Number of protein chains: 2
Amino acid sequence: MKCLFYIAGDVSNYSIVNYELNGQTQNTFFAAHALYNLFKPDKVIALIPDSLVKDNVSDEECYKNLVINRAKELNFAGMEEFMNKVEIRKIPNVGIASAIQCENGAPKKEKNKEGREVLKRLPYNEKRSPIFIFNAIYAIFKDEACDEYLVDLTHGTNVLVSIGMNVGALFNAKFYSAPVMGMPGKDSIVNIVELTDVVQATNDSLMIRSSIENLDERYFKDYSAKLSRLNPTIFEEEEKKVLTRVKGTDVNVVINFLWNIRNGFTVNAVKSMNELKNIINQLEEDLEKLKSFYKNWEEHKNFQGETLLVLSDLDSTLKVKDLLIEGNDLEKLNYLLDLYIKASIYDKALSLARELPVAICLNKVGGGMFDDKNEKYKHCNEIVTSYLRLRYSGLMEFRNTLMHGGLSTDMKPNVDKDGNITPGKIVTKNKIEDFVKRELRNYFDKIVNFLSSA
Amino acid sequence: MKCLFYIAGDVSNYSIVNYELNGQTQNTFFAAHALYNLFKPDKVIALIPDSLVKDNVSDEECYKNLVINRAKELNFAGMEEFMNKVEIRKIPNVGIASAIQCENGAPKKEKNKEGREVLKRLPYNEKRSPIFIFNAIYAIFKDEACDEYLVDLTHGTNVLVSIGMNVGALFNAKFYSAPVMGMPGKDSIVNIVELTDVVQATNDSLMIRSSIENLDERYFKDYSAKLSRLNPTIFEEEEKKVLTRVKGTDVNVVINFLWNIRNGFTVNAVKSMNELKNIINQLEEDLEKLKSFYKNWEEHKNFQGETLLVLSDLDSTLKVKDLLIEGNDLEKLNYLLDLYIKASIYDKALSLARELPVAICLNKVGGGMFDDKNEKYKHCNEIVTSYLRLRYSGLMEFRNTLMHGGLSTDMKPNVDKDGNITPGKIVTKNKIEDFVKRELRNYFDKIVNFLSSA
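Residues numbered from 1 in each chain as written, not as in the entry; some residues may be left out. Chains lettered and ligands numbered in written order. Part of a larger assembly, values for the part shown. Heavy atoms only, no water.

Method-wise, the PDB entry is recorded as coming from X-ray crystallography, at a reported resolution of 3.600 Å.

Looking at the PDB entry, one finds chain A named CRISPR-associated (Cas) DxTHG family and attributed to Sulfolobus islandicus. Its PDB title, taken directly from the record, is "Crystal structure of Csx1 from Sulfolobus islandicus monoclinic form".

As structure tokens, this is what we get:
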């Protein structure tokens, strides 16, 4: 059960036009009607501000009559399923507006000495909060319990269409708008454009910039599906060069790189690092060409109407350059530790801060594998384990508490004879946080300090 | 270095008004000017669509002249120093628009048989994609490299203000718009509204809705700071009741509940669960009251200006009812395992799936502490460890592979005398993904089935 919302707006001076949205066309005089017939929602919500219509009992019924009083002035078709299958809900607006005056569900007409016009008593000055209007729009949206949504922004004030769009994004809502901008008389095909792709594409970039900042791959929205079907009809052989080098920027390598980081596979994360420097460098200068095309779009068409390829998806990916450091793999892990601390992922930070110091000696002792069989590891792990317990009683104690959690030999909870626990250990939280974010890198450095001269 | 952008718009018919934004007032004839004097940006960007101004050399030069040619008709003071501290950058628009025609950097004036006017040749009809306009505005915003941003939406088409707002959100921009909707003559104070809080309030809810779905607390934006200073001046002593139950809605316990889950303190997370069911009960039935207030906002205007308290922040918090199951703490963990799999965090899922069956025996065996001294644990852990290695060699095999990452006795990389790795135990993303998501719960249930009869 779909719903489709729109902003009301005064429609007494709109003309009959052919609105078109993706091949299908309809002949009405305002977008909501033309949009209604295209998608056939099970109900429709009108959302009429105070900027039009206020009488003494129920303003809502005057609006229903103003469209009927205008469907007469243009002798437009039946249109009666619309008026009898529409739920109208009044919403606030912000001051400087000028409001129509109705009387008892019919619009007040008055004399202008030349021709007959409607009585606008322009009394609308109201100082309202945007979050107040926002809260009011949210309440309408939640309490209709729809599935699909759909939203028309064609006909609202600059301030309301702004607030309405943000509410719609909370409901998997598709956005539609037809730029009226003047009266083209009867006919002159006006195009309705689908704003849904923009709203989706901006939340996509907030997740990505923060998926890199938090080292979490389940936030990186996978737009590789998009670049595959990225095919315009006619693009120049200069654009063919940069655009076909972007279709090939294999974003899978950066998702795999995060997944490997998130789950603790520091090896295939560090190993895979120098390969990303190739990918984001190619994407760095491939965006810079693309970034230059859209900068002076002037007569840079071909694109000029292509739905795929969003610069935001690319430029937000470039923040993954922050997770890349040039150098040798043992020092790449040393950087990866710091990444595990800026982002607040504590367990992996401790375990690497313990295991990396063993590898850094293995280098100093001429290399060896990480098995107990390998004697050079067996003995470096001893020095690390023993030096820790000598001066840094703290490090291992925390790491052991984060690896095995509550419900472990380490926390010692007390399962009672009835199915519920009585844990015997305070989760320390800030002592944990104060240690990892303020101490760990320093403890780690003093460990490697001692091991250098081996 | 601040910036302040605005949408251009036709200024030939704007009048002189008192723009007001937070006590301060400035006196100009279009909002973008008044905003500049208030915030003192280091530069200003014009952003001229094609919807106004088309001449033969530089469309950019006519707008700057069209603002001055209106700065004469109202003999407004400054403006000509302003006009050259404004860098004019041309942006696209979408069809049916009707454009002014300039000639040589001055607007073409014509004779209207009544009065002298500028020739609007209404030749603007364009089929552009919204993302195209978006990409071009993005290029403008990124390549200006500001610190603060600021954006005026007072003066743009509905389609541009939609697309423009989304660009601003990727640059931590504060949004401003003045509801024009008509000419209020000279004076009649027009108010600048700050749309910035709405945009923040909707991404804040996107992060909250996704913080619960992924069991990650560093996404939950904490609005409790807001509720502390949430106190209106005059609120009815019915609203005093419901609103005083919201300042006290202690959200700190739900963030702590997330942090405890992400880091593995499954005990004190589960222990704290039955306390949360009380909290979302109060916030659920307190949200329904608030939601009805904004449902009859028509005369409930003691909020008509309250900036704090966003419904989205509250209603999005309610999604945590999804992480709640009533019952005894042993079965609450049994649900917590499933949660560690819905959200794709495998290690905590595996490690809980191993230690929980040890607890589930202790109940059946009359309770005991989780320490090695306590023989009841000592012997239950033996049975599970032994039954696993008999029938489920896999569970522990992966669990041990996820707790300890690469750089461990379990993965066996080789660290060579030059500072490189070389992985040993190759386990792929999908072998892990397939095991936890498809098998673990079945392996886990059959363990408890066997242990039931103890």
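For the rest of this paragraph, the subject is the pattern of salt bridges. Residues and elements named next belong to chain B. Within the structure shown, the criterion is met by 58 salt bridges over all chains. Here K120 and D10 are joined by a salt bridge, their closest N and O atoms 2.9 Å apart. Of this pair, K120 sits in the loop between β7 (116-118) and α4 (130-142) while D10 sits in the loop between β1 (5-6) and β2 (17-21); the two residues are 110 residues apart in sequence, bridging distant segments of the chain. What makes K120 partly exposed here is its relative accessible area of 36%. Since its relative accessible area comes to 25%, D10 is described here as partly exposed. (Salt bridge = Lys/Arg side-chain N within 4 Å of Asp/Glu carboxyl O. Helix = DSSP H or I, 4+ residues; strand = E, 2+ residues; numbered from the N terminus. Buried < 20%, exposed > 50% of the residue type's maximum accessible area, 1.4 Å probe, protein only.)

With that out of the way, let us pick up the relation of the copies chain A and chain B. Superposing chain A onto chain B takes a rotation of 180° plus a shift of 0.1 Å along the axis, which leaves an RMSD of 0.6 Å. Here the two chains are linked by the operation of a two-fold rotation axis. Interface residue correspondence from chain A to chain B reaches 97%, placing this contact among same-surface, isologous pairings. (Least-squares fit on C-alpha atoms. Contact = heavy atoms within 4.5 Å.)

Below, the discussion takes up the UniProt feature "coiled-coil region" (unreviewed entry) in chain A. Here the UniProt feature "coiled-coil region" (unreviewed entry) sits at residues 266-300 of chain A. Spanning residues 266-300 of chain A, this segment combines 77% helix with 0% strand, and its end C-alpha atoms are found 45 Å apart. (UniProt positions renumbered as here; feature names shortened; annotations may be inferred.)

The biggest cluster of nonpolar side chains holds 239 residues, and the ones touching the most others in it are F141 and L440 of chain A together with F5 and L440 of chain B. A per-element tally of this core places helix α14 (residues 346-364) of chain A first, with eleven residues. In terms of nonpolar packing, the next biggest core, distinct from the first, is built from 43 residues, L21, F29, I88 and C102 of chain B among them. (Core = buried A, V, L, I, M, F, W, Y, C linked by side-chain atoms within 4.5 Å.)

Bringing the sheet that holds strand β3 (residues 24-28) of chain A into the picture now. Residue and element names in this part refer to chain A. Strand order in the open sheet formed by three strands is β3-β2-β8, and the pairing between neighbours is mixed. Every interior strand has two partners, whereas the edge strands, β3 and β8 (190-191), have only one. Taken together, the five bridges between strand β2 (residues 17-21) and β3 define a ladder with antiparallel strand orientation. Within β3, the residue paired with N18 across the bridge is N27. Along the sheet face, helix α1 (residues 31-39) touches β2 and β3 and points at about 140° away from the line of β3. (Pairing = 2+ DSSP bridges. Axes fitted to C-alpha atoms, helices over the stretch in contact; angles between N-to-C directions.)

Another aspect to go through is the environment of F141 of chain A. Residue and element names in this part refer to chain A. Along the chain, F141 turns up in helix α4 (residues 130-142). Of the residues examined, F141 reaches a relative accessible area of 2% and is grouped as buried. Sequence separation between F141 and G168 is 27 residues; the distance between their C-alpha atoms is 8.2 Å. Apart from residues lying up to four places away in sequence, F141 is in contact with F5, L47, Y149, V151, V167, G168 and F171.

Taken together, the 141 residues of chain A in the interface contact 143 residues of chain B. For the chain A and chain B pair, buried surface summed over both sides reaches about 12,800 Å², with 60% attributable to carbon and sulfur atoms. Here chain A is connected to chain B by eight salt bridges. In this structure, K142 of chain B and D315 of chain A form a salt bridge, with 3.6 Å as the shortest nitrogen-oxygen distance. At the boundary of chain A and chain B, one finds 55 residue pairs in polar contact. The element best represented in the side of chain A that touches chain B is helix α6 (residues 196-213) of chain A, accounting for eleven residues. The residue inventory of the side of chain A that touches chain B, partitioned by class, reads 63 nonpolar, 44 polar and 34 charged. The pairing of strand β9 (residues 414-415) of chain A with strand β12 (residues 368-369) of chain B spans two bridges and is antiparallel. Paired with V415 of chain A across the strands is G368 of chain B, a residue of β12 of chain B. (Buried area = accessible area lost by both parts, 1.4 Å probe. Polar contact = N/O pair within 3.5 Å; in protein donor to acceptor, adjacent residues only side chain to side chain. Nonpolar A, V, L, I, M, F, W, Y, C, P; charged D, E, K, R; others polar.)

Here we come to empty space enclosed by the protein. What the rule picks out here adds up to 18 cavities of 30 Å³ or more. Lining the largest cavity we find 16 residues, and of these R218, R262 and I345 of chain A together with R262 and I345 of chain B sit closest to its centre. Put simply, the parts of the chain that give the lining of the largest cavity at least two residues each are α9 (252-263) and α14 of chain A together with α9 (252-263) and α14 (346-364) of chain B. Considering every element that reaches the lining of the largest cavity, the biggest residue donor is α14 of chain A, with three residues. Partitioning the lining of the largest cavity into residue classes produces five nonpolar, two polar and nine charged. (1 Å grid on protein atoms, 1.4 Å probe; cavity = no way out; pocket = protein on both sides within 12 Å on 5 of 7 lines; lining within 4 Å. Points joined across faces, edges and corners; volume = space filled by probe spheres on them.)

A cluster of acidic residues, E298 and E299 of chain A together with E60 and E61 of chain B, forms a negative patch at the surface. Mapped onto the elements of the fold, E61 of chain B is located in helix α2 (residues 59-73). (Patch = residues over 30% accessible without salt bridge, like charges linked within 9 Å, V, L, I, M, F, W, Y side chains within 5 Å. Areas by Shrake-Rupley, 256 points an atom, 1.4 Å probe, with all protein chains shown as cover. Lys, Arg positive; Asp, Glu negative; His and termini not counted. Charge placed at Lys NZ, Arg CZ, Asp CG, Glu CD.)

What follows deals with the side chain of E217 of chain B. Looking at where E217 of chain B falls in the secondary structure, it is placed in the loop between α6 (196-213) and α7 (224-228). Residues in contact with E217 of chain B, not counting those within four places in the same chain, are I255, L258, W259 and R262 of chain B.

Following both chains from N to C, one finds α6 of chain A and α4 of chain B inclined at 45°, their axes separated by 9 Å at the closest point. By the criterion of interaxial angle, the relationship of α6 of chain A to α4 of chain B is oblique. Of the residues in α4 of chain B, those touching α6 of chain A at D197, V198 and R209 of chain A are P130, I131, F134 and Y138 of chain B. (Parallel < 35°, antiparallel > 145°, perpendicular 65-115°, else oblique.)

Residue and element names in this part refer to chain A. The full count for this structure, using the stated rule, is six disulfides over all chains. Between the sulfur atoms of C62 and its disulfide mate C102 the distance is 2.0 Å. Its S-S torsion of about -75° marks the bond between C62 and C102 as left-handed, since a negative value means left-handed. Taken as a pair, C62 in helix α2 (residues 59-73) and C102 in the loop between α3 (80-84) and β4 (109-111) lie far apart in primary sequence, 40 residues in all. Under the relative-accessibility criterion, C62 is labelled buried at 1%. Here the disulfide map of chain A reads 1-4, 2-3, 5-6, the bonded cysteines being numbered as they appear in the sequence. (Disulfide = S-S within 2.5 Å.)

Looking now at the side chain of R399 of chain B. Residue and element names in this part refer to chain B. Relative to the helices and strands, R399 is located in helix α16 (residues 393-403). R399 gets classed as buried once you look at its relative accessible area, which sits at 8%. Beyond its immediate sequence surroundings of up to four residues, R399 is in contact with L350, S351, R354 and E355.

Let us look at unusual backbone geometry. Residues and elements named next belong to chain B. In this structure, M181 takes a positive phi of about 35° despite not being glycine. Along the chain, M181 turns up in the loop between β9 (175-177) and β10 (190-191). Positive phi values are uncommon outside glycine, yet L215 reaches one of about 55°. With respect to the secondary-structure elements, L215 resides in the loop between α6 and α7.

This paragraph deals with the packing of aromatic side chains. By the definition in use, this model includes 52 aromatic pairs over all chains. Here the aromatic rings of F5 of chain A and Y149 of chain A are separated by 5.8 Å at their centres, their planes lie at 15°, and the arrangement is stacked. Of this pair, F5 of chain A sits in strand β1 (residues 5-6) while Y149 of chain A sits in the loop between α4 and β6 (151-152); the two residues are 144 residues apart in sequence, bridging distant segments of the chain. Comparing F5 of chain A with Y149 of chain A, the two get one shared label, buried. Three or more aromatic residues joined by ring pairs make a cluster, and in this case those are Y6, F29, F30, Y36, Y63, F76 and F82 of chain B. In this structure, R209 of chain A is placed above the aromatic ring of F171 of chain B, and the distance from its NZ or CZ to the ring centre is 5.9 Å. It is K429 of chain A that lies over the ring of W259 of chain B; its NZ or CZ is 5.9 Å from the centre. (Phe/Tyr/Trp six-rings, centres within 6.5 Å; stacked < 30°, edge-to-face > 60°. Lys NZ or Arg CZ within 6 Å of the ring centre and 35° of its normal.)

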